[PDB]
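Below is entry_14.cif, which holds mmCIF, C-alpha atoms and all ligand atoms.
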```
data_run
#
loop_
_atom_site.label_atom_id
_atom_site.label_comp_id
_atom_site.auth_asym_id
_atom_site.auth_seq_id
_atom_site.Cartn_x
_atom_site.Cartn_y
_atom_site.Cartn_z
CA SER B 1 29.45 49.13 -15.96
CA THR B 2 29.92 45.93 -13.98
CA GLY B 3 31.53 44.77 -10.76
CA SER B 4 32.81 41.42 -9.52
CA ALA B 5 33.99 40.64 -5.98
CA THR B 6 34.95 37.48 -4.17
CA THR B 7 33.03 36.59 -1.02
CA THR B 8 34.69 34.41 1.63
CA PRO B 9 33.30 32.37 4.55
CA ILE B 10 34.17 33.88 7.95
CA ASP B 11 34.75 30.48 9.58
CA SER B 12 34.83 26.73 8.93
CA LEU B 13 31.02 26.42 9.16
CA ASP B 14 30.13 29.08 6.57
CA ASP B 15 28.33 31.05 9.31
CA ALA B 16 28.48 34.13 7.09
CA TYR B 17 30.39 35.49 4.10
CA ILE B 18 32.43 38.69 3.86
CA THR B 19 33.19 40.74 0.77
CA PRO B 20 35.75 43.57 0.57
CA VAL B 21 34.27 47.03 -0.07
CA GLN B 22 36.17 50.26 -0.77
CA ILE B 23 34.79 53.33 1.01
CA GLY B 24 36.03 56.90 0.73
CA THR B 25 39.05 58.68 -0.71
CA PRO B 26 41.68 57.38 -0.34
CA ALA B 27 39.95 54.01 -0.16
CA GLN B 28 39.27 52.41 3.22
CA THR B 29 38.62 48.69 2.65
CA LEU B 30 36.10 47.07 5.00
CA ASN B 31 34.84 43.48 4.86
CA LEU B 32 31.05 43.62 4.74
CA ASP B 33 28.31 41.00 5.02
CA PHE B 34 26.22 41.32 1.83
CA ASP B 35 22.63 40.86 2.96
CA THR B 36 19.76 40.41 0.50
CA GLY B 37 17.39 40.45 3.51
CA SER B 38 18.02 44.07 4.56
CA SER B 39 18.60 47.47 2.99
CA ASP B 40 21.13 49.42 5.08
CA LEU B 41 24.84 49.78 4.31
CA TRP B 42 26.33 50.30 7.79
CA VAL B 43 29.85 50.11 9.12
CA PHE B 44 31.91 50.02 12.25
CA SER B 45 33.47 53.47 12.46
CA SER B 46 35.50 55.99 14.38
CA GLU B 47 32.15 56.93 15.99
CA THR B 48 31.41 53.44 17.34
CA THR B 49 31.41 53.21 21.15
CA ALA B 50 34.96 52.07 21.92
CA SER B 51 33.95 49.23 24.25
CA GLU B 52 31.80 47.78 21.44
CA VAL B 53 34.69 47.46 18.97
CA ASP B 54 36.84 44.30 19.20
CA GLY B 55 39.06 43.71 16.20
CA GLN B 56 36.87 45.13 13.42
CA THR B 57 38.25 47.48 10.79
CA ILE B 58 36.62 50.90 11.11
CA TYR B 59 35.60 53.58 8.64
CA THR B 60 36.94 57.01 9.63
CA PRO B 61 34.99 59.63 7.67
CA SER B 62 37.30 62.47 8.77
CA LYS B 63 40.08 60.79 6.74
CA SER B 64 37.98 60.65 3.54
CA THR B 65 38.07 63.75 1.33
CA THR B 66 34.78 62.70 -0.30
CA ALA B 67 32.82 62.03 2.93
CA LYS B 68 29.99 64.42 3.80
CA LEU B 69 27.76 64.31 6.87
CA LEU B 70 24.14 63.73 5.86
CA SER B 71 22.88 66.34 8.26
CA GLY B 72 20.18 65.27 10.67
CA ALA B 73 19.99 61.69 9.39
CA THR B 74 19.94 58.77 11.82
CA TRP B 75 19.39 55.03 11.46
CA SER B 76 18.49 52.11 13.70
CA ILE B 77 18.02 48.48 12.71
CA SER B 78 17.27 45.11 14.28
CA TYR B 79 17.76 41.75 12.60
CA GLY B 80 16.04 38.37 12.74
CA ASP B 81 18.62 37.00 15.16
CA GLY B 82 17.91 39.81 17.64
CA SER B 83 21.11 41.74 16.87
CA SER B 84 20.98 45.50 16.28
CA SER B 85 22.93 48.66 15.50
CA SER B 86 22.32 52.40 15.11
CA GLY B 87 24.05 55.68 14.38
CA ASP B 88 24.31 58.61 11.98
CA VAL B 89 24.97 58.89 8.23
CA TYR B 90 27.57 60.08 5.74
CA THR B 91 27.56 60.04 1.99
CA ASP B 92 30.76 58.84 0.34
CA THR B 93 32.13 56.97 -2.66
CA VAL B 94 31.68 53.20 -2.39
CA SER B 95 33.17 50.62 -4.75
CA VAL B 96 32.54 46.89 -4.96
CA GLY B 97 34.67 44.75 -7.26
CA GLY B 98 35.44 47.70 -9.54
CA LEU B 99 31.89 49.14 -9.62
CA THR B 100 31.74 52.64 -8.11
CA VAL B 101 28.79 54.58 -6.69
CA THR B 102 29.24 58.20 -5.68
CA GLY B 103 27.00 59.71 -2.98
CA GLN B 104 26.19 56.35 -1.37
CA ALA B 105 24.68 56.57 2.11
CA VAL B 106 27.21 54.99 4.48
CA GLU B 107 25.58 54.51 7.87
CA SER B 108 28.11 54.97 10.65
CA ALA B 109 27.49 52.91 13.80
CA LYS B 110 27.51 54.67 17.13
CA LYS B 111 26.18 51.54 18.88
CA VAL B 112 26.23 47.84 17.98
CA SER B 113 24.88 44.87 19.92
CA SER B 114 27.04 42.18 21.48
CA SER B 115 26.85 39.67 18.62
CA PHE B 116 28.37 42.26 16.28
CA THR B 117 31.13 43.17 18.74
CA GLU B 118 31.91 39.48 19.14
CA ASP B 119 32.12 38.91 15.34
CA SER B 120 35.61 40.37 14.69
CA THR B 121 35.48 39.34 11.01
CA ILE B 122 32.42 41.42 10.04
CA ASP B 123 33.05 45.15 9.65
CA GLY B 124 29.44 45.95 8.72
CA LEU B 125 26.57 45.02 6.40
CA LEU B 126 25.73 45.91 2.81
CA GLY B 127 21.99 45.56 2.29
CA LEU B 128 20.65 44.32 -1.03
CA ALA B 129 16.90 44.03 -0.36
CA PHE B 130 14.55 46.75 -1.66
CA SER B 131 15.21 50.34 -0.62
CA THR B 132 11.74 50.59 0.94
CA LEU B 133 13.23 48.75 3.97
CA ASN B 134 16.06 51.25 4.49
CA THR B 135 15.93 52.62 8.05
CA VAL B 136 17.43 56.09 7.57
CA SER B 137 15.27 58.90 8.96
CA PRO B 138 13.92 61.42 8.09
CA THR B 139 15.00 60.82 4.48
CA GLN B 140 15.11 57.15 3.45
CA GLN B 141 18.22 56.19 1.49
CA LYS B 142 18.85 53.88 -1.47
CA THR B 143 20.87 50.66 -1.46
CA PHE B 144 24.16 50.31 -3.28
CA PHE B 145 22.41 48.22 -5.95
CA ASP B 146 19.62 50.73 -6.49
CA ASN B 147 22.13 53.55 -6.83
CA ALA B 148 24.25 51.51 -9.26
CA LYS B 149 21.39 50.10 -11.31
CA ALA B 150 21.08 52.72 -14.05
CA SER B 151 24.80 52.50 -14.79
CA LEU B 152 24.91 48.70 -14.91
CA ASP B 153 25.05 46.85 -18.23
CA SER B 154 22.01 44.87 -17.00
CA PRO B 155 19.98 45.66 -13.83
CA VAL B 156 20.98 42.49 -11.97
CA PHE B 157 23.31 41.08 -9.40
CA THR B 158 24.19 37.45 -8.78
CA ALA B 159 25.14 35.44 -5.70
CA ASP B 160 27.38 32.41 -6.10
CA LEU B 161 28.20 31.32 -2.56
CA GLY B 162 30.70 28.54 -1.93
CA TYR B 163 30.45 25.53 0.36
CA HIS B 164 33.46 25.76 2.68
CA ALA B 165 35.06 27.88 -0.06
CA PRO B 166 35.00 31.39 -1.53
CA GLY B 167 32.41 32.47 -4.07
CA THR B 168 31.41 35.53 -6.04
CA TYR B 169 29.03 38.49 -6.11
CA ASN B 170 28.65 39.99 -9.61
CA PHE B 171 26.86 43.22 -10.50
CA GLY B 172 25.54 44.07 -13.93
CA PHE B 173 26.12 40.77 -15.79
CA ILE B 174 25.39 37.04 -15.68
CA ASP B 175 28.52 34.86 -15.87
CA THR B 176 27.34 32.04 -18.12
CA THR B 177 30.39 29.95 -17.13
CA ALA B 178 29.38 29.91 -13.44
CA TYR B 179 26.45 27.47 -13.63
CA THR B 180 25.33 24.29 -15.34
CA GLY B 181 22.18 23.84 -17.40
CA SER B 182 19.67 26.70 -17.58
CA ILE B 183 18.57 29.39 -15.13
CA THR B 184 14.93 29.07 -14.08
CA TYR B 185 13.28 32.38 -13.27
CA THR B 186 10.42 32.78 -10.83
CA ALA B 187 8.18 35.67 -9.77
CA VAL B 188 9.04 38.01 -6.91
CA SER B 189 6.75 39.99 -4.61
CA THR B 190 8.30 43.22 -3.32
CA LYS B 191 5.32 43.98 -1.05
CA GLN B 192 7.32 43.29 2.14
CA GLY B 193 10.57 44.74 0.74
CA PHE B 194 12.26 41.35 0.30
CA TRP B 195 13.23 39.09 -2.57
CA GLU B 196 10.11 37.06 -1.80
CA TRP B 197 9.16 34.12 -4.02
CA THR B 198 7.26 30.81 -3.92
CA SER B 199 9.03 27.48 -4.10
CA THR B 200 7.04 24.70 -5.77
CA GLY B 201 7.92 21.99 -3.25
CA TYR B 202 10.56 19.73 -1.80
CA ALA B 203 12.06 16.26 -1.50
CA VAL B 204 14.08 14.60 1.23
CA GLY B 205 17.01 12.49 0.06
CA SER B 206 15.99 10.12 -2.74
CA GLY B 207 12.32 10.47 -1.77
CA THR B 208 9.47 11.55 -3.99
CA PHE B 209 8.95 15.24 -4.63
CA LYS B 210 6.10 16.87 -2.72
CA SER B 211 4.35 19.59 -4.70
CA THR B 212 3.43 22.37 -2.29
CA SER B 213 3.75 26.15 -2.39
CA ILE B 214 6.32 27.54 0.05
CA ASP B 215 6.49 31.34 0.17
CA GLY B 216 9.83 32.63 1.44
CA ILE B 217 12.71 35.06 0.97
CA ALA B 218 16.12 34.69 -0.64
CA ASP B 219 18.36 35.96 2.17
CA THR B 220 22.14 35.86 1.89
CA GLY B 221 22.45 37.34 5.40
CA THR B 222 20.75 34.37 7.08
CA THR B 223 22.94 31.30 7.61
CA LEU B 224 20.35 28.52 7.69
CA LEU B 225 17.28 27.28 5.80
CA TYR B 226 14.06 28.02 7.73
CA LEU B 227 10.95 26.20 6.47
CA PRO B 228 7.51 25.20 7.78
CA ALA B 229 7.49 22.77 10.70
CA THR B 230 5.85 20.06 8.57
CA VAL B 231 8.67 20.14 6.00
CA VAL B 232 11.42 20.29 8.63
CA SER B 233 9.94 17.38 10.60
CA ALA B 234 9.81 15.29 7.40
CA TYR B 235 13.51 16.02 6.80
CA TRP B 236 14.78 15.21 10.31
CA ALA B 237 12.63 12.08 10.57
CA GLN B 238 15.08 10.55 8.06
CA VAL B 239 18.06 11.03 10.41
CA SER B 240 18.34 8.48 13.23
CA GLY B 241 18.46 10.18 16.60
CA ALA B 242 17.63 13.67 15.35
CA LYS B 243 15.35 15.73 17.57
CA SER B 244 14.26 19.27 18.31
CA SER B 245 15.93 20.54 21.45
CA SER B 246 14.35 23.55 23.14
CA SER B 247 17.51 24.02 25.22
CA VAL B 248 19.71 24.24 22.14
CA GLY B 249 17.08 26.14 20.12
CA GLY B 250 16.30 23.79 17.26
CA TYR B 251 17.01 20.48 15.62
CA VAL B 252 20.18 18.63 16.53
CA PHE B 253 21.43 15.28 15.30
CA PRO B 254 24.14 12.74 16.18
CA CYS B 255 27.45 13.87 14.72
CA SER B 256 27.93 10.24 13.57
CA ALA B 257 25.03 10.56 11.09
CA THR B 258 25.24 10.85 7.34
CA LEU B 259 22.69 13.50 6.37
CA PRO B 260 20.30 13.12 3.41
CA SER B 261 20.12 15.77 0.72
CA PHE B 262 17.23 18.26 0.55
CA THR B 263 15.70 19.33 -2.77
CA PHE B 264 13.64 22.49 -3.33
CA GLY B 265 11.56 23.39 -6.36
CA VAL B 266 11.93 26.47 -8.53
CA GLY B 267 9.09 26.22 -11.02
CA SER B 268 9.60 22.87 -12.74
CA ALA B 269 13.31 22.91 -11.85
CA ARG B 270 14.98 21.39 -8.80
CA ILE B 271 17.92 22.56 -6.66
CA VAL B 272 19.60 19.84 -4.60
CA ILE B 273 21.28 20.76 -1.30
CA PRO B 274 23.82 18.00 -0.46
CA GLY B 275 23.52 16.49 3.01
CA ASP B 276 26.92 17.80 4.07
CA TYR B 277 25.71 21.40 3.58
CA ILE B 278 23.17 20.79 6.39
CA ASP B 279 25.82 19.94 9.03
CA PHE B 280 26.70 22.90 11.30
CA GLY B 281 28.93 20.93 13.62
CA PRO B 282 29.05 20.24 17.35
CA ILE B 283 26.71 22.35 19.48
CA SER B 284 29.69 23.04 21.78
CA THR B 285 33.35 22.03 21.48
CA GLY B 286 33.74 18.28 21.90
CA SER B 287 30.01 17.50 21.81
CA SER B 288 28.67 14.60 19.75
CA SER B 289 25.42 16.50 19.16
CA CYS B 290 25.52 18.53 15.96
CA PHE B 291 23.42 21.52 14.92
CA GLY B 292 21.12 21.14 11.94
CA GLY B 293 21.13 23.46 8.94
CA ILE B 294 17.40 23.12 8.26
CA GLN B 295 15.22 24.61 11.03
CA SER B 296 11.60 25.52 11.60
CA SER B 297 10.33 28.96 10.61
CA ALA B 298 7.37 28.58 12.99
CA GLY B 299 8.51 31.31 15.40
CA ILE B 300 9.70 33.72 12.66
CA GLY B 301 6.62 34.49 10.59
CA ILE B 302 8.40 33.96 7.27
CA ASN B 303 10.26 31.16 5.51
CA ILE B 304 13.90 31.98 4.76
CA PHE B 305 16.06 30.52 1.99
CA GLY B 306 19.34 31.41 3.67
CA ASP B 307 22.89 30.45 2.80
CA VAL B 308 22.35 26.70 3.23
CA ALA B 309 19.94 26.82 0.28
CA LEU B 310 21.49 29.61 -1.76
CA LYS B 311 25.01 28.13 -1.73
CA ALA B 312 23.64 25.11 -3.63
CA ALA B 313 22.72 27.39 -6.57
CA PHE B 314 23.77 30.20 -8.83
CA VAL B 315 21.22 32.89 -7.95
CA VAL B 316 20.18 35.86 -10.08
CA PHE B 317 18.59 38.86 -8.38
CA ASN B 318 16.92 40.55 -11.33
CA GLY B 319 16.12 44.16 -10.53
CA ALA B 320 14.31 45.02 -13.75
CA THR B 321 11.06 47.03 -13.56
CA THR B 322 9.30 43.79 -12.60
CA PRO B 323 11.88 42.00 -10.45
CA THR B 324 12.41 38.24 -10.63
CA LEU B 325 14.72 35.61 -9.14
CA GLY B 326 16.67 33.02 -11.11
CA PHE B 327 18.19 29.77 -9.87
CA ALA B 328 20.57 27.40 -11.64
CA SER B 329 22.47 24.35 -10.50
CA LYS B 330 26.26 24.63 -10.50
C1 LIG E 401 25.87 39.32 11.13
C2 LIG E 401 24.54 39.32 11.86
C3 LIG E 401 23.36 38.82 11.04
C4 LIG E 401 21.98 39.36 11.29
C5 LIG E 401 22.70 39.72 10.04
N1 LIG E 401 24.62 38.49 13.13
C6 LIG E 401 25.23 39.28 14.24
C7 LIG E 401 25.34 37.19 12.93
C8 LIG E 401 25.29 36.27 14.13
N2 LIG E 401 26.27 36.32 14.97
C9 LIG E 401 26.26 35.42 16.02
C10 LIG E 401 27.33 35.43 16.92
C11 LIG E 401 27.36 34.52 17.97
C12 LIG E 401 26.34 33.61 18.14
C13 LIG E 401 25.27 33.58 17.26
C14 LIG E 401 25.23 34.49 16.20
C15 LIG E 401 24.11 34.47 15.23
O1 LIG E 401 23.16 33.69 15.31
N3 LIG E 401 24.20 35.39 14.22
#
```

Using C-alpha cells, write down the structure from this file.
Ligand SMILES: C[C@@H](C1CC1)N(C)Cc1nc2ccccc2c(=O)[nH]1
Amino acid sequence: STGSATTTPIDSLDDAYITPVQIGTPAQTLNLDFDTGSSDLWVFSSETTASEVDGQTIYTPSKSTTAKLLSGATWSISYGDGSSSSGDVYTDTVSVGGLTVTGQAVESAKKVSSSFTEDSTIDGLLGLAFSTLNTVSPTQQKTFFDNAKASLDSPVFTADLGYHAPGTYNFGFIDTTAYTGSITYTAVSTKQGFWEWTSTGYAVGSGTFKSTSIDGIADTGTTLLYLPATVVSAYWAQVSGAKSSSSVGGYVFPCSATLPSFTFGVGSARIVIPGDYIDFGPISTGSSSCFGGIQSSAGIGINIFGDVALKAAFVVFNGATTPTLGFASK
C-alpha cells in the first residue's frame, strides 16, 4: 500500500503545515500537524475542556462506529515551545492520503495549553518520530507510520514541504519526479527517539563551506532552524543591523535587508536554503524589525533542522531495520 496527502501552510509565514486526516467511521476529517519530532497522534475532541476550544474541528468518538475506548490509558505531552496537552485514548481507523490503519491509538485531548487553543487551524498532531517516545501510559502505543509500515510497499515516508505553498507527505514510496539530482542518505541514531543525524557543515551565502559535524534532528513540527551559537552568529554577522534581542527572544534583522542563503551539508552533498526562507516577518504588526529563521540552539540542548531547513529539500525518512535519512535538492 501507499498514501499521498497534501500539506498546506497555516499562514503566510509557513509557521506550521496541516494535513487532512480521516478518523473513524463515518470519516471525521481533522487537519493535523505532522510532527517528525514527536510520537503521539492526538486530537481536539468532544472531551476537550470547552473553554480551551476556539474554532478547531473536533473528533467525537461516540459518533464513530469503529471507536473503542482504550481502557485505563492516559497521555500527557509537552513540546519544545512549552506547549502541552493531555487526555485519554481511543483506538479507531485512521487514513492519510488513502493509506488506512485500523486500531490506531487516537489520543483524545481533555486539556490543551493556550498556544493550542489560540491556533484555530491545527486540530491536533500526528507524531512521526520513533514509537519509543510515545507518552501513552501504562501501555505505550505505536505511531501511524509504525502501524502502517508492514503494509507499505517500502518502509518509508517522505516530506516535501513548500515555501509559501502546499507540499506533500507520501507514505510507502519515493516519488522520483519530486526532486532534482540524487538523494544522499545519511546515518540516523534512534537512541533519543528522534530522526537524529549529523550534518557535515555549513556555508553562509557565497562563502566557503566550513566542514564541521553538527548533530541534530529532522523535525517537521518545529518552524525554525536551530543551530549552535557559533554557526548562527556567523550567519547573522552577514546581515547589516542584525542582532540578538533578549526581549524578542532571538535574532532580529532590519526588514529592509536582503538575506543571504544558508547551506548545510549532507555527506558530500549540499542543501541550499534561499535567503527569503529565513525571513519570518515583522516582530509585531507595522514593525521594521523582522524575526530571523535561523536561531541559536544554545538553550535547547539539541540542534533542530526544522521547517526552514526541511522545506529546501525533498526528505526521505527511511524506516528500514536500520533507519536512515535522505536529502535531495528540488
Ligand atoms: C503546534 C505546536 C508545536 C509544538 C508542536 N505549537 C503550539 C505551535 C506554536 N504556536 C504558537 C502560537 C502563538 C505564538 C507562538 C507559537 C509557537 O511558538 N508555536

Item to check | Protein and nucleic residues near ligand LIG 401 (chain E), 12 Å, only C-alpha atoms and all ligand atoms, as a ChimeraX atom specification | outcome: /B:10-11,14-18,31-43,77-85,112-127,219-224,248-249,283-284,306-307

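The neighbours of residue 162 (chain B) here are the residues that come within 9 Å of it, using all atoms listed in the file and leaving out any residue fewer than 6 positions away in the same chain; they are residues 7, 8, 9, 14, 168, 311 and 312 of chain B.
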
Taking all atoms of region 2-19 of chain B that the file lists, what box with edges along x, y and z, padded by 5 Å per side, do you get, with centre and edge lengths in Å to one decimal, as JSON?
```
{"center_x": 31.6, "center_y": 36.2, "center_z": -2.2, "size_x": 16.6, "size_y": 29.5, "size_z": 33.6}
```

Next on the checklist: Which residues are near residue 90 (chain B)? Cut-off 12 Å, all atoms listed in the file, ignore same chain within fewer than 2 positions. Put them as a ChimeraX atom specification.
Outcome noted: /B:23-24,41-43,45,47,59-62,64-75,87-88,92-94,102-109,136,141

Writer output for current selection, C-alpha atoms, as a PDB file, in the frame of the given file:
```
ATOM      1  CA  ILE B  23      34.790  53.330   1.010  1.00  0.00           C
ATOM      2  CA  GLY B  24      36.030  56.900   0.730  1.00  0.00           C
ATOM      3  CA  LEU B  41      24.840  49.780   4.310  1.00  0.00           C
ATOM      4  CA  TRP B  42      26.330  50.300   7.790  1.00  0.00           C
ATOM      5  CA  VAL B  43      29.850  50.110   9.120  1.00  0.00           C
ATOM      6  CA  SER B  45      33.470  53.470  12.460  1.00  0.00           C
ATOM      7  CA  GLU B  47      32.150  56.930  15.990  1.00  0.00           C
ATOM      8  CA  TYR B  59      35.600  53.580   8.640  1.00  0.00           C
ATOM      9  CA  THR B  60      36.940  57.010   9.630  1.00  0.00           C
ATOM     10  CA  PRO B  61      34.990  59.630   7.670  1.00  0.00           C
ATOM     11  CA  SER B  62      37.300  62.470   8.770  1.00  0.00           C
ATOM     12  CA  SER B  64      37.980  60.650   3.540  1.00  0.00           C
ATOM     13  CA  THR B  65      38.070  63.750   1.330  1.00  0.00           C
ATOM     14  CA  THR B  66      34.780  62.700  -0.300  1.00  0.00           C
ATOM     15  CA  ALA B  67      32.820  62.030   2.930  1.00  0.00           C
ATOM     16  CA  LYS B  68      29.990  64.420   3.800  1.00  0.00           C
ATOM     17  CA  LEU B  69      27.760  64.310   6.870  1.00  0.00           C
ATOM     18  CA  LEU B  70      24.140  63.730   5.860  1.00  0.00           C
ATOM     19  CA  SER B  71      22.880  66.340   8.260  1.00  0.00           C
ATOM     20  CA  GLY B  72      20.180  65.270  10.670  1.00  0.00           C
ATOM     21  CA  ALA B  73      19.990  61.690   9.390  1.00  0.00           C
ATOM     22  CA  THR B  74      19.940  58.770  11.820  1.00  0.00           C
ATOM     23  CA  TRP B  75      19.390  55.030  11.460  1.00  0.00           C
ATOM     24  CA  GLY B  87      24.050  55.680  14.380  1.00  0.00           C
ATOM     25  CA  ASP B  88      24.310  58.610  11.980  1.00  0.00           C
ATOM     26  CA  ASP B  92      30.760  58.840   0.340  1.00  0.00           C
ATOM     27  CA  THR B  93      32.130  56.970  -2.660  1.00  0.00           C
ATOM     28  CA  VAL B  94      31.680  53.200  -2.390  1.00  0.00           C
ATOM     29  CA  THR B 102      29.240  58.200  -5.680  1.00  0.00           C
ATOM     30  CA  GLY B 103      27.000  59.710  -2.980  1.00  0.00           C
ATOM     31  CA  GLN B 104      26.190  56.350  -1.370  1.00  0.00           C
ATOM     32  CA  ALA B 105      24.680  56.570   2.110  1.00  0.00           C
ATOM     33  CA  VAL B 106      27.210  54.990   4.480  1.00  0.00           C
ATOM     34  CA  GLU B 107      25.580  54.510   7.870  1.00  0.00           C
ATOM     35  CA  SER B 108      28.110  54.970  10.650  1.00  0.00           C
ATOM     36  CA  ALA B 109      27.490  52.910  13.800  1.00  0.00           C
ATOM     37  CA  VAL B 136      17.430  56.090   7.570  1.00  0.00           C
ATOM     38  CA  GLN B 141      18.220  56.190   1.490  1.00  0.00           C
TER      39      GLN B 141
END
```

Checklist entry - Do you know which residues lie at most 12 Å from (7.8, 36.3, -5.2), with coordinates as in the file and all atoms listed in the file counted, and could you write them as a count of residues only? => result 31

Next on the checklist: Please determine, counting only C-alpha atoms, which residue among B:310, B:234, B:278, B:161 has the shortest atom-to-atom distance to residue 258 (chain B).
Outcome noted: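 Of all the options, B:278 lies closest to residue 258 (chain B).
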
Next on the checklist: So that I can see what lies close to residue 174 (chain B), please list as a ChimeraX atom specification the residues with an atom at most 12 Å from it, counting only C-alpha atoms and leaving out residues fewer than 4 positions away in the same chain.
Outcome noted: /B:2-4,152-160,168-170,178-179,182-183,314-318,326-328

Checklist outcome for this item: Shortest contact to residue 208 (chain B), candidates B:329, B:50, B:263, B:293, atoms counted only C-alpha atoms, goes to B:263

Next on the checklist: Between CA of residue 259 (chain B) and CA of residue 288 (chain B), what distance in Å does the model show, to one decimal?
Outcome noted: 14.7 Å

Checklist entry - Can you tell me how far CA of residue 301 (chain B) sits from CA of residue 250 (chain B), in Å to one decimal? => result 15.9 Å

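Note that CA of residue 148 (chain B) and CA of residue 100 (chain B) are 7.7 Å apart.
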
Checklist entry - Between B:27, B:229, B:252, B:300, which has the minimum distance to residue 63 (chain B) (counting only C-alpha atoms)? => result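 For residue 63 (chain B), the nearest of the candidates is B:27.
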
Item to check | Option closest in space to residue 134 (chain B), from B:146, B:304, B:49, B:251 [counting only C-alpha atoms] | outcome: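 Among the listed residues, B:146 lies closest to residue 134 (chain B).
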
Restricted to N, CA and C atoms, what does region 307-322 of chain B look like when written out as a compact mmCIF listing (two decimals), in the first residue's frame?
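What follows is the written file out_11.txt:
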```txt
# COMPACT_ATOMS: atom_id res chain seq x y z
N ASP B 307 11.41 23.32 9.84
CA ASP B 307 10.83 23.54 8.52
C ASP B 307 11.68 24.43 7.62
N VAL B 308 12.30 25.47 8.18
CA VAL B 308 13.15 26.34 7.39
C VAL B 308 14.18 25.55 6.58
N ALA B 309 14.79 24.55 7.20
CA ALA B 309 15.75 23.70 6.51
C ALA B 309 15.05 22.65 5.64
N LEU B 310 14.07 21.96 6.21
CA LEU B 310 13.49 20.83 5.51
C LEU B 310 12.76 21.24 4.24
N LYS B 311 12.15 22.43 4.24
CA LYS B 311 11.39 22.89 3.08
C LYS B 311 12.29 23.14 1.86
N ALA B 312 13.59 23.29 2.08
CA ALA B 312 14.56 23.45 1.00
C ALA B 312 14.92 22.12 0.32
N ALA B 313 14.39 21.01 0.83
CA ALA B 313 14.79 19.68 0.36
C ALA B 313 13.59 18.76 0.18
N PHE B 314 13.83 17.68 -0.56
CA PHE B 314 12.98 16.51 -0.55
C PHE B 314 13.62 15.57 0.46
N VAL B 315 12.86 15.16 1.48
CA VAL B 315 13.43 14.44 2.62
C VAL B 315 12.78 13.07 2.77
N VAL B 316 13.62 12.04 2.77
CA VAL B 316 13.20 10.66 2.94
C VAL B 316 13.48 10.19 4.36
N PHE B 317 12.43 9.77 5.04
CA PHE B 317 12.51 9.17 6.36
C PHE B 317 12.42 7.66 6.13
N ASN B 318 13.59 7.01 6.12
CA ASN B 318 13.67 5.59 5.82
C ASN B 318 13.61 4.77 7.09
N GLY B 319 12.49 4.09 7.27
CA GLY B 319 12.23 3.30 8.46
C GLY B 319 12.52 1.82 8.31
N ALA B 320 13.49 1.48 7.47
CA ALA B 320 14.00 0.12 7.41
C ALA B 320 14.63 -0.28 8.76
N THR B 321 15.01 -1.56 8.87
CA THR B 321 15.55 -2.11 10.12
C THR B 321 16.64 -1.23 10.71
N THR B 322 17.54 -0.74 9.86
CA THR B 322 18.47 0.33 10.23
C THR B 322 17.97 1.62 9.56
```
